[PDB]
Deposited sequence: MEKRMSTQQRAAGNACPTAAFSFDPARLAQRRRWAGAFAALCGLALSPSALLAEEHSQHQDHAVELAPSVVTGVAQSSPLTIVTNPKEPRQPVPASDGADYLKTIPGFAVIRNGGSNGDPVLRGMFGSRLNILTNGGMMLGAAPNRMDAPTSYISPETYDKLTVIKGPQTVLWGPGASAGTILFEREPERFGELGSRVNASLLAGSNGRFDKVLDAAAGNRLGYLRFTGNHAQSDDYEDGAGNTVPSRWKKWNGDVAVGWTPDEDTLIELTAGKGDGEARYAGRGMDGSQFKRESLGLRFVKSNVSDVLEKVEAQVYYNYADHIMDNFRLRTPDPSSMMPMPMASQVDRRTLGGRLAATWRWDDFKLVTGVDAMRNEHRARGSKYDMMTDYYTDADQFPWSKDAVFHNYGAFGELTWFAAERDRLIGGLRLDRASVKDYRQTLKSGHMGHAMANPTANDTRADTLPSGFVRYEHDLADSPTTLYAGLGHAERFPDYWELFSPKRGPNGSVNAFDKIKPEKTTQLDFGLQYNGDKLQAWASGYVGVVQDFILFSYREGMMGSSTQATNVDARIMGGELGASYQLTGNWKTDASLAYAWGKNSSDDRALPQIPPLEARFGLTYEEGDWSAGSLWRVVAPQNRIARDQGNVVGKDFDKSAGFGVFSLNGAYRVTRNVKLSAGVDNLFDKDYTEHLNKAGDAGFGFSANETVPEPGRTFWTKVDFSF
């Protein structure tokens, strides 16, 4: 019952990881969504700067991960994901983070081939009229400073709840002593109003907003604005009848308003194809809802429902009077809508509790997706858009079966699962490519959906001294949406569909040596082949191992962590996604860290860490190339941080 610092999260039930994001984490997260996934084996991150990394799950990028917040979808607006969904999330302000690996759920929306990720806030439970507050402060190297506050008050009938944060850091340094362009700032504030007439009923209104900025070593431009607007309403009714156990309904609204320039957090590079000041503003408006019923009886549990989502993207840019010095900022022109998406779905999951050591789970969903290209003109001056105002649509079924078995002698679950997932192309796959497949007018017009078929299998072992887990996967992907970079100038990109094979897995254990000594370890491995061109997939994270050792004693704990990464020699030069491309094989490396925690009272607890103690100078295979306007040469990727120190206090009254 001593506190400690999180260095890895184990897989708790089959395919499933649940963690409390308010816990300290030993490579200290930069207050964004991707960094809180680093602690879960299977996840890697593309670094852009000091924050707003792009999460990669089992080597799978982008919307193949379905990342929800309170059930709703946040989508950003940069043409090259400079503002990925996770850049708007602050995990500390949530209560639960859940990951389901593989296409093994249909409850949370379309296209979740790689996995679904669920940041949740839980409704307040208030008996007598009262209040609660929990908060934290973090301080560290390079001006790192974080405030987080979560307060609520209410009684049996209802509650008001506020959660907020402010967080920042200056440019960090790499192990070689170089200052990396990488400073950032984020703030959020969210209210929830809860009404609970009887305990069978809950109705919750939520609203919030946030803003931020980020310097990006790995881009020619910086994020001067990350405006978020959020509205949500949720209704849960339990115990409707003897078989109807729950009914939940949900509506959300997320607006994202991103600015992107080369003069507010940097100087315009005179040597680049962009010597003059230049901003570009983009927005994303997402509206969606969910309606689900949960039926329970005998040895069965059936969950049925529908969902729908719409979203809209606009952009507008600055102009530079090149024969004067006059600059007209982007907000002096009207927005140009360029894309609208629609999806509607119906879904069900059935569970059979055969016997008591036996579970069978099946799910199915049918999705109707559609998109309309609203670009009247394109990009090199302006030119005609050959698909102006065209629509296209498709109907996509997905589902899975999964069998779980509990052994009698020893506490072990074995599971295997077959799943099939179909994903409509997202905004970036249809609008961002400069070119589509060969002989197409553009990407919007031809890029096919992506269809994944995958076998998932693994085990859970829950002893008293030894907890172990493992999940492996083999799958094929039809019409994998691939980017190829055809620099030669600037860099032009082409979207194509290819066939792919994928395999890999994660495994981990945590063994209690004595009352005071705990040890754990994990390993994550992804692998991919372009079957169409007979060559590796690009942008695949290399093999990864974590080794932790912890000593607990009464009210305090001290731990050490080794992270060890193989080189990546399977690469696909000038291929990748909307954000990055492979170019060179990566070096293996090792990073070491230390941490401690101390509980000073039932209300106050302390934490501290040294990240990368030996000031190792390294980079990750997935990080972006650093920009020529900063110090970087060709394909030199962004380095990770050198030694950083952090300390943190947690309050809970």
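Missing C-alpha coordinates mark the following deposited-sequence intervals, in order: 1-65, 445-448, 558.
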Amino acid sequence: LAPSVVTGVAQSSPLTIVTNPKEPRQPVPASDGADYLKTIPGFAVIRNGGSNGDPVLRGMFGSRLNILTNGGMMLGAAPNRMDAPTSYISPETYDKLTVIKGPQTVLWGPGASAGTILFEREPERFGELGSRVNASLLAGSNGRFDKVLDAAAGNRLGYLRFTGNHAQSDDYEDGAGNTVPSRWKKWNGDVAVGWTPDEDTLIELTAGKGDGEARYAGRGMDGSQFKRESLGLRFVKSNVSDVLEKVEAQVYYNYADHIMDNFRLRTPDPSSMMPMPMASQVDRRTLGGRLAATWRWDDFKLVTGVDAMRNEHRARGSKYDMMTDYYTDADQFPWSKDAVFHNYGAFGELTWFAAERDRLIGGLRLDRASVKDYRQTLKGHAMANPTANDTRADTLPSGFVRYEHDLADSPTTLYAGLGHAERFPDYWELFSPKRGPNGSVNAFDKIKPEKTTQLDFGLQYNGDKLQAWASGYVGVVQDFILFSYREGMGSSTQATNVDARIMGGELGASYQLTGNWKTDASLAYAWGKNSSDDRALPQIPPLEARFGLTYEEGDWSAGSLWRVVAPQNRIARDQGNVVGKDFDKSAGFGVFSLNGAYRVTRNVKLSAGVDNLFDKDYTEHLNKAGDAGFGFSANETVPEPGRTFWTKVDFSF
From here on, numbers count along this sequence of modelled residues.
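Look at the C-alpha B-factors of 508-516 and of 436-444. On average they run higher in 508-516. Of the two segments examined, 319-327 and 211-219, it is 319-327 that shows the higher average Cα temperature factor in the deposited entry.
Within the selection 500, 382, 523, 167, the deposited Cα B-factor values reach their highest point at 382. Taking the deposited Cα B-factors for 367, 450, 122, 373, the highest one is held by 122. In the PDB entry, residue 604 places in the highest third of its chain by CA B-factor. The entry lists a Cα temperature factor for residue 626 that places it in the highest third of the chain's modelled residues. Annotation for residue 378: C-alpha temperature factor in the highest third relative to the rest of the modelled chain, per the entry. Ranked by Cα temperature factor within the chain, residue 203 sits in the highest third according to the deposited record. The deposited CA B-factor of residue 297 belongs to the highest third of values across its chain.
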